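Sequence order for the protein chains is A and I.
Numbering-wise (the deposited numbering), the first sequence opens with residue 323 and increments by one.
Numbering-wise (the deposited numbering), the second sequence opens with residue 634 and increments by one.
Report on one structure; see the data block that follows.
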Amino acid sequence: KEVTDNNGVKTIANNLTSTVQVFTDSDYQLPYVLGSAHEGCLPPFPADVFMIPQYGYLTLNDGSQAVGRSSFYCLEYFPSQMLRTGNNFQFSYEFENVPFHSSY
Amino acid sequence: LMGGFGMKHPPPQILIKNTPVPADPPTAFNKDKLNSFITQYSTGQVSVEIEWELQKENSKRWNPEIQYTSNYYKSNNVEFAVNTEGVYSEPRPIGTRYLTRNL
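Here it is as structure tokens:
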């Protein structure tokens, strides 16, 4: 959707030719932030509409400065699928063998 | 703990000895072990061939990384080279850790 503001008044319209791009990091080549317990999950209640959280990451620092070992990542440097309205995305994943959680 | 690859069955020990060569024994029998030997030593060549398996870097890091280098600046000697007297030396310890990975 496209948002135009004239004076203190916004108009929302569809942009039919705009695209969204999506990829999975399957080779685990990015800093992995899902293992820290963050907001931005899918809501527990199915009727709630949620905002997607912004991706960011940390690398090595000394104070506020960075060292030469610090790494910068461009997410554009991955291949990703582009989607207009009418395109969909899917993938499958296999969990590796993990012990049963003990629910007793 | 000093570093490297721990193994239950490491490369085996390779033991070498010059076999003793007696000097002239007496002409009457004596039961004592012979303590008199020909002075002797050996020389040769050794080859050791090791095959090493490598694990390549897959990184998506954008910026260039730290690498081990020689320094261009002029010096009396070349590092990791022979001396003017013929003495090879290793000027610095070199570890393996230059490339980076995510944690």
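In this text, a Cβ means the ideal position worked out from N, Cα and C, and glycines have one as well.
- Query: Taking Cβ-Cβ distances shorter than 7 Å, what residues in chain I pair up with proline 353 (chain A)?
  - Reply: Those are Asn735, listed as they occur along chain I.
- Query: Is it right to say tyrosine 395 (chain A) is buried, meaning 16 or more other beta carbons lie within 10 angstroms of its own, or is it exposed?
  - Reply: Classified as buried, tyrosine 395 (chain A) has 16 or more neighbouring CB atoms from the shown chains inside 10 Å of its CB.
- Query: Among A:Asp327, A:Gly408, A:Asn383 and A:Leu397, which residue has its Cα nearest to the Cα of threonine 346 (chain A)?
  - Reply: The residue with the shortest Cα to Cα distance from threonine 346 (chain A) is A:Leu397.
- Message: Less than 9 Å between CB atoms is the rule here; does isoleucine 699 (chain I) satisfy it with respect to chain A?
- Response: yes
- Query: Any C-beta of chain A sitting closer than 9 Å to the C-beta of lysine 693 (chain I)?
  - Reply: At a cut-off of 9 Å between beta carbons, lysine 693 (chain I) contacts chain A.
- Message: Please report whether the beta-carbon of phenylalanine 345 (chain A) lies at a distance below 9 Å from any beta-carbon of chain I.
- Response: no
- Query: By the criterion of Cβ-Cβ separation under 9 Å, what are the contact partners of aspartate 349 (chain A) in chain I?
  - Reply: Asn691 and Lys693
- Message: Using the Cβ count rule (16 or more neighbours within 10 Å means buried), how would you classify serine 393 (chain A)?
- Response: buried
- Counting Cβ pairs closer than 8 Å, one from the region 724-735 of chain I and one from the region 687-701 of chain I, do we hit at least three? yes
- Cβ of residue 623 (chain I) within 9 Å of any chain A Cβ: The requested residue 623 (chain I) does not occur in the structure, where chain I is confined to residues 634 to 736.
- Determine the DSSP secondary structure at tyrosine 415 (chain A), reduced to helix, strand or coil. Three-state result, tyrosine 415 (chain A): coil.
- Message: Taking CB distances under 9 Å as the criterion, tell me whether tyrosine 399 (chain A) reaches chain I.
- Response: yes
- Query: Using a Cβ-Cβ distance under 9 Å, would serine 358 (chain A) count as near chain I?
  - Reply: So no, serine 358 (chain A) is outside the interface.
- Task: Measure from the alpha carbon of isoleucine 683 (chain I) to the alpha carbon of each residue in I:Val715, I:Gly639, I:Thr672 and I:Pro644, then state which is nearest.
- Result: Selected option, being the one with the closest Cα: I:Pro644.
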